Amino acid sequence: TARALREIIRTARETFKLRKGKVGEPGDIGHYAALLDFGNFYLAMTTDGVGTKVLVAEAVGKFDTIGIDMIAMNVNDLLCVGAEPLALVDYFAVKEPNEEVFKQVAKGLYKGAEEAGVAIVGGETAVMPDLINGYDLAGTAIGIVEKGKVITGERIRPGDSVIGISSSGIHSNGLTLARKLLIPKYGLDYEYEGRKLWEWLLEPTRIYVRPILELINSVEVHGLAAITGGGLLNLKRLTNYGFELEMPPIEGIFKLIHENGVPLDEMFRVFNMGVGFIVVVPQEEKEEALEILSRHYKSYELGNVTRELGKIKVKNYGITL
């Protein structure tokens, strides 16, 4: 995967010079979004799909929230460079132009867009039954951040406070592993802690736009990280410094997954494990930050930045990533 992707990454970096010194000149690839120089401001650009979670939605005929996942994936990435999300286009590659599915998808697209404060301004619909075994939903979002107000993690210093905002659940990463491990063993209707397995797998991703925009307009912020592919390893994209964390207890779907063989170190590398978004602020602003975030979502002090470069220590679990 990394060897295959490197070919595209290297080609992409080569094309940067086509906009050198011109409107749209990019920064480097690697962060949660691209930053494009528009003179007075940066434009942020990101793209992501929902993933195989759509296979669960199709099974129970509930696409009412897949659109929330898609918008969440994209606007939460815009936040991680300090950008205010503005607009989105959706790429909907489907096996069939089913009017019932499309009606369900539209409902969540509105709900997500409302929560994020963005307009859905266009898109593409590709009926490709030979290529698509379901209803793949992806999107591309753009946002804006003023020059001088970009947050990429370069300000992170040892001793900074690390705060986690709770997730709504599995969100949109690790779905294939969870599906193949749990569905054939327990059945989609398996009731676990009052919710069916498909209810655990379909829980829409949380949208962090409002608490994070409030936070960056109120306190000093040194880093912002959506916990997606790679789980806690996403923190290393922000800085070479280390992290000393205490993660919340494993429960819900994550407990179920863990009890079915998956080791905890792999799980902190795959699932958000209850923390959907992480902010890094100076210790001076920790209490103020907790209060702003905790108005909107249950939020924790996870730990501190350390000088153990490149290491993430989950102390209460005896794990280093």
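One rule holds for the numbers: they count along the sequence shown, beginning at 1.
Stretch comparison (258-266 versus 273-281) by mean CA B-factor in the PDB entry places 258-266 on top.
Higher mean CA B-factor, judged across 95-103 and 116-124 from the recorded values: 95-103. Highest C-alpha temperature factor among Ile68, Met45, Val56, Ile29 per the entry: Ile29. Annotation for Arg179, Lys149, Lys185, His171: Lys149 ranks highest, by Cα B-factor. Split the chain's modelled residues into thirds by C-alpha temperature factor. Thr239 is in the middle one. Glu154: CA B factor lies in the highest third for its chain, per the PDB record. The deposited CA B-factor of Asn217 belongs to the highest third of values across its chain.
Ranked by Cα temperature factor within the chain, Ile163 sits in the middle third according to the deposited record. Per the PDB record, residue ranking by Cα B-factor puts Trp198 in the lowest third of the chain.
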